[PDB]
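Comments concern the structure below.
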Amino acid sequence: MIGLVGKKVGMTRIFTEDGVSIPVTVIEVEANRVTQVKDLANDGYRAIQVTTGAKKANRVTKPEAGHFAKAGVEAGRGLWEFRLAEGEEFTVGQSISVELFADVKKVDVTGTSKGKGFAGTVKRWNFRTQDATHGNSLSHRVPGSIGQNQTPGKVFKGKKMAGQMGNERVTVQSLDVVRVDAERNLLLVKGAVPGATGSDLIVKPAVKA
Amino acid sequence: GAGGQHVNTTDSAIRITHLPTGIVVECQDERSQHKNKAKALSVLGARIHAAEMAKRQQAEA
Amino acid sequence: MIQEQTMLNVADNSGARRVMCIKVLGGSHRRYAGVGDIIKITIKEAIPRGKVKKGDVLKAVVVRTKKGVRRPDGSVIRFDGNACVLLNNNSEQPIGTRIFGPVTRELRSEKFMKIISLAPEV
Amino acid sequence: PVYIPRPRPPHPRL
Amino acid sequence: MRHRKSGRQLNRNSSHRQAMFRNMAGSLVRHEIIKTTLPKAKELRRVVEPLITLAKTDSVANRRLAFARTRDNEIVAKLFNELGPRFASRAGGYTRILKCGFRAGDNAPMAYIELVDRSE
Amino acid sequence: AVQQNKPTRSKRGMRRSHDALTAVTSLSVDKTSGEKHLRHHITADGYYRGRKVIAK
Amino acid sequence: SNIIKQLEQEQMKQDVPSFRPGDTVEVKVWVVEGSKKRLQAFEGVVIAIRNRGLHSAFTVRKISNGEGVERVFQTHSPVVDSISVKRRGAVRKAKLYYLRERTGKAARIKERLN
RNA sequence: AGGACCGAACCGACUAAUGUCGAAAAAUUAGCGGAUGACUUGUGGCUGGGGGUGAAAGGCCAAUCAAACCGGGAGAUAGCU
RNA sequence: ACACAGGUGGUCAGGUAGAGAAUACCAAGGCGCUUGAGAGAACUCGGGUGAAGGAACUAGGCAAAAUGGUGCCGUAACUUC
RNA sequence: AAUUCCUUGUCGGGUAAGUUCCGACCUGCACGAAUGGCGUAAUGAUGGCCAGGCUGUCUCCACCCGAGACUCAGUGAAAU
RNA sequence: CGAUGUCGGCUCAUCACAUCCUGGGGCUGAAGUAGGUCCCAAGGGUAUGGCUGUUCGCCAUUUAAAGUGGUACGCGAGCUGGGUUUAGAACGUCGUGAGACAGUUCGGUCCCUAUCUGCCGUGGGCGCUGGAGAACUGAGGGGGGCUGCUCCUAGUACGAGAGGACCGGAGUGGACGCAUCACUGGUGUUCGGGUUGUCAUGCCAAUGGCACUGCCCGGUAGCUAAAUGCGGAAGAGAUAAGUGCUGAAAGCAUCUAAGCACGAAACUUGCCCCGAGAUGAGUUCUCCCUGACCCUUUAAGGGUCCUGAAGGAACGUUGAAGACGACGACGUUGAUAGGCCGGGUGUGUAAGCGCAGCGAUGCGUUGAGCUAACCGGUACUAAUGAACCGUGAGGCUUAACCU
């Protein structure tokens, strides 16, 4: 089924009654109301478009304000379009609570990662540091050789080099869900999900069953 | 050993290993590997010959 | 975190005193052993009347690490000295008779059940 | 220039 | 990579920076308006402000802590006499940045930082 | 690490196509004074947001 | 957060005995002995208390039969059952990690005795 | 007492890192050897180029040495480029 | 060659701790070394600390790290005693 | 062996494993007695090996403090 | 030869397949377990140490396996310099001799601030044809793909015993990778304490400076990893080697010539990521702009006045975003930053005073005092009204619609 846009709220751990402790991530997942049910008429494909959160009305833009008061939904932060699965079918403005994750047991939380910045190759691609004594000169962390010689005559496309690491979008897969709460609107998933606190985690039921 | 740029690149050294007997002999004498190899077949042949003649001559006495 | 070249005291009374790890089993390019893994040691120092001697290459199994083992609740059980129990390479069935000092509850898995009855603790 | 220094020695090759 | 770190460094090692804040906090307290560069101002807030929140409560110990900082007795005597009971009911923010363009010699953004006072 | 042959007028100009200077275009007319100052900076006389602040 | 602190404080047990580092403390840990829920006693000198609320922990040093052992405890874990004070050490340092170097006569500590 | 020991000045230059269009045509920083001696040093002399001097390396002889530098024979000679 | 991290002989030589002209902090006295301001990436240089292991690195324990003072006890083969 | 080619000669010691090391044999390509032979305590910024310590040399890097790098202002080269 | 840096190691790889392992088969002198050999298959994987400068090799112990090779036997404008390739010295030897050796020993300067190509990131311009704010489609492109052991089937098949399976499943490790700080730890020169020497604030007390943070002991936030979570897949289409069914040529026989099935970690798709500069420049949704005058060379023309729209940009406070641009939040109708209050964590019984002690010091006040980056809050200071770019209903042709 569809996914749910929530917010990352830190990490904690839950002690089971029988003895183990599980590191969980708390995700506050508000109401994800639909602003546009796309279907095969004007798009060829079918989908929904959800929103959540809130903004100041003197901070939202006049195109987007008409895009939200078209549906009557309160203009929040972002929009996120989810692909439909031919069995479930929503309408415009139909709010979607946290209670789609009752019977499910595995999720795929996707969030924008934490940008480590311009990382060099040791931290970025796990290269190996050269010998930091024994004659070595000015070359303790540099990435070594990058190509062969006169026959290749260039570097191959997709050479692992240095540069921006993180602040990408990644996907943790197949997390065992822990506990879903109604009034608190919290989705406890086991283990780390990407991004620092305040991210926008899209949580959908896991495709690898 | 010595040679200059020739040693650094050309192989010019040969081990020959007689497998059913386990007698190696390494000849590393001259610049060309052929006059290392023919030597490492002569001394190999003489060591199969003397290592057999000590079995026969061992079983005499 | 018992890896290669690490000296280990001997837990039991088999006959060694100080043994050196030389190889970690159970995988290719495995870095270090842990709680209760089988390792391969040689012996650096024996008592004279023992069953084993110096240089005697055999398998041990680590039972105490200063790095410690982790319980599932989030605990850790750090000892204050690394140690092992000498085994037999061909049938593990440890050569020693009685084991000096504690062991740790993860060693209770169908082949060290002799050890945790010879052990005095945990 | 009045003083022109001796060139940096070659890579051997001998 | 200073994710959630704080504290500007201002191209100085720590023991120097502690001393230019120790000097410049005193020179601010004595003069009540100074012209320094804009990052040195915006870090001079975090030094000068708790020296006044310490001064709002007068005792023996707070004199000695406000002498362990600023290291000068005129400064601790204009605090606890004049400045403290001028901010007897100011809930923080006893300070003010005013940008004054750029420095002549090296094009550096100035700021008159002053106390929220001088109501003569 | 040195150039194999010299570049032109052309490829010098195209590299210098990003060294253009940027205009300010934000000059406030001050409230009381009518003077020109940058946004958020004090005036030349010293009035800031109409209010005199420099006393100098 | 509000969320983390309120979801945290609804699981912290409200009966935790207060102990300083340096006390002789007898802790009782549950243990699965195959198909049995045995209640074991691990008792020594407490040398560290991490405090984070639910994530607080404390480390117990106990020179068992042969050498020293240090078992660290998650305080609010369900496997711990009892924390009891035996002695009360008059140390004057928060984290007593010096004691690893000392054995026997040197590491004997004072009592608080107040 | 000592071509004795440890160690500053002082004399030197074993090691590494930096420097190699450097701060420097040989240096710096942390170590390092000698340190009452066959030591080291100021100032003045003396030996002149097939010559000097050399606890000897073909080392040093004015940033140049298996024969200095400057002027000359000289516009040497060049089956070479 | 430079307002150059180099070289240059003599004389004076205070306080506290110190065997000391070492070394640390000071007095007299003299300076802050003629570009600054900012950010706080890779990577380089000069440093700090490090879990567990301890030369497995490597050509080689190179480089680090460690040892280090004074008194007293005590000190092996070997020796030209 | 500063000498030895064949050769990582043979045997022993050290090591889990030792072309190096120490001891021995002598089959001395091609040691040898003032172009010195054999020893030799002390000495050596000398060569080879071993052990205890000690540790980021290493497994495998992590974080921090400074000086450059990057940005703004001022002067502004060089090799080719 | 007016110079193409030459062995091995390090870092980094990349392709071939004549495949070392994993996967599918044929034959077997294939009972089983294990093999031998041959065919298809390059998707991933493919030791750690001793010896030697070594490649190679010998050995030790692993492993699922320790593949063979091209790439200037890849890679020095990347590192090293142990051997080799100078100058010193000596040994053996040869030479009367200077000297000499694919003979051996000891010592022996490894420069470059990157213009273009390429590659990793990250921006500005313009296009996409009226402008703008977003949300996707997916052409294409990339990342990924490894495997052990234990258990059930079962001690069943197989075997005289000895031992010991196929196919299907389940749990747990190894190496690699992604993410994260909740745990355990590192760090934390911005926090607290101890303490040596000396200098200072007149002196005691008290702090402060300098000594590598003076030397140390703890440690918040962050980053981190040894730590903790997850991953490789299942499936589907088309196959290679191979196995068939029906079936003549060729009355028989035959997997093939007509026809129909099966068949691998390779291919396509499935998983994740970039992505409409996919100039072939796409689709949906929304908001925005409807003033008049006059010159011609009457042209998708130029030009004057009135307006400036949505929006953007700039400036400021900034950020778990960042070299810089960029990107995200906030700009008073406001929690973006600092400060302030309460907390929390940390460190550990402050100063001051009282008592006890000749005194060093101990007790009370006191789990005090101080507490960075953290948490819930609070307009107290700082985020200024505006000015600025962007306009004025969007070309021609054809077609089906209404009118």
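Every chain in the structure tokens takes a letter, A first, then B, and so on in the order presented; its residues are numbered from 1, and the ligands are numbered from 1 following the presented order.
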Within 10 Å of chain H, which residues of chain D are there when counting only C-alpha atoms (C1' of nucleotides)? Please give them as a PDB file with N, CA, C and O atoms, in the first residue's frame.
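New file iface-v1.pdb:
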ATOM      1  N   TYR D   3      74.204  34.254 -12.831  1.00  0.00           N
ATOM      2  CA  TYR D   3      74.341  32.901 -12.299  1.00  0.00           C
ATOM      3  C   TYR D   3      73.213  32.003 -12.820  1.00  0.00           C
ATOM      4  O   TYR D   3      72.039  32.233 -12.513  1.00  0.00           O
ATOM      5  N   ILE D   4      73.588  30.992 -13.608  1.00  0.00           N
ATOM      6  CA  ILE D   4      72.675  29.948 -14.079  1.00  0.00           C
ATOM      7  C   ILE D   4      73.105  28.628 -13.416  1.00  0.00           C
ATOM      8  O   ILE D   4      74.203  28.136 -13.691  1.00  0.00           O
ATOM      9  N   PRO D   5      72.243  28.050 -12.549  1.00  0.00           N
ATOM     10  CA  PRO D   5      72.627  26.884 -11.751  1.00  0.00           C
ATOM     11  C   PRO D   5      72.735  25.605 -12.570  1.00  0.00           C
ATOM     12  O   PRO D   5      72.198  25.533 -13.676  1.00  0.00           O
ATOM     13  N   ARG D   6      73.421  24.609 -12.012  1.00  0.00           N
ATOM     14  CA  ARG D   6      73.627  23.317 -12.678  1.00  0.00           C
ATOM     15  C   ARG D   6      72.296  22.556 -12.692  1.00  0.00           C
ATOM     16  O   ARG D   6      71.605  22.535 -11.674  1.00  0.00           O
TER      17      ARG D   6
END
According to DSSP computed on the backbone, where in chain E is there helix (DSSP H, G or I)? Give the residues as an NGL selection string.
:E and (14-31 or 38-53 or 60-68 or 73-78 or 84-86)
What's around residue 21 of chain I at 9 Å? Count only C-alpha atoms (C1' of nucleotides), leave out sequence neighbours fewer than 2 positions away in its own chain, and write the answer as a list in words.
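Using only C-alpha atoms (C1' of nucleotides), the neighbours found are residues 8 and 9 of chain H; 13 of chain I.
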For chain D, list the residues within 12 Å of chain B, counting only C-alpha atoms, and write the list as a PyMOL selection string.
chain D and resi 12-14
Output file for the selection above: C-alpha atoms, as an mmCIF file, in the first residue's frame:
data_model
loop_
_atom_site.group_PDB
_atom_site.id
_atom_site.type_symbol
_atom_site.label_atom_id
_atom_site.label_comp_id
_atom_site.auth_asym_id
_atom_site.auth_seq_id
_atom_site.Cartn_x
_atom_site.Cartn_y
_atom_site.Cartn_z
ATOM 1 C CA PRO D 12 69.746 7.134 -13.866
ATOM 2 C CA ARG D 13 68.754 4.598 -16.600
ATOM 3 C CA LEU D 14 72.280 3.110 -16.692
#
Need the shell around segment 28-34 of chain B: protein/DNA/RNA residues with any atom at most 7 Å away, counting only C-alpha atoms (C1' of nucleotides). Skip same-chain ones fewer than 4 positions apart. Format as a PDB file with C-alpha atoms (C1' of nucleotides), in the first residue's frame?
ATOM      1  CA  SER B  12      66.710 -15.058 -17.321  1.00  0.00           C
ATOM      2  CA  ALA B  13      66.518 -17.431 -14.346  1.00  0.00           C
ATOM      3  CA  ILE B  14      65.042 -20.920 -14.211  1.00  0.00           C
ATOM      4  CA  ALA B  38      70.232 -26.314 -20.752  1.00  0.00           C
TER       5      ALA B  38
ATOM      6  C1'   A K 102      75.236 -11.192 -14.626  1.00  0.00           C
TER       7        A K 102
END
